[PDB]
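The sequence shown maps to residues 1 to 27 in the deposited numbering. All C-beta atoms in this analysis are idealised placements derived from N, C-alpha and C, irrespective of residue type, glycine included.
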Amino acid sequence: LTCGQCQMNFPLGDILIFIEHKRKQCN
Ligand SMILES: [Zn+2]
């Protein structure tokens, strides 16, 4: 997944990381 806030791209199977960032790291 890719998030503009963190401006980073992730390959398939790494969606878990995206959720964590948007959890408490993406405020
Ligand atoms: Zn983010």
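Not a single heavy atom of ligand 1 lies less than 6 Å from the C-beta of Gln-7. In terms of CA proximity to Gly-13, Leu-1 leads the group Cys-6, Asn-27, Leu-1. For the 7 Å CB-CB criterion, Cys-26 and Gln-7 do not form a contact. Secondary structure note for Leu-1: it is in no alpha helix (DSSP H), with a DSSP letter that is neither H nor E.
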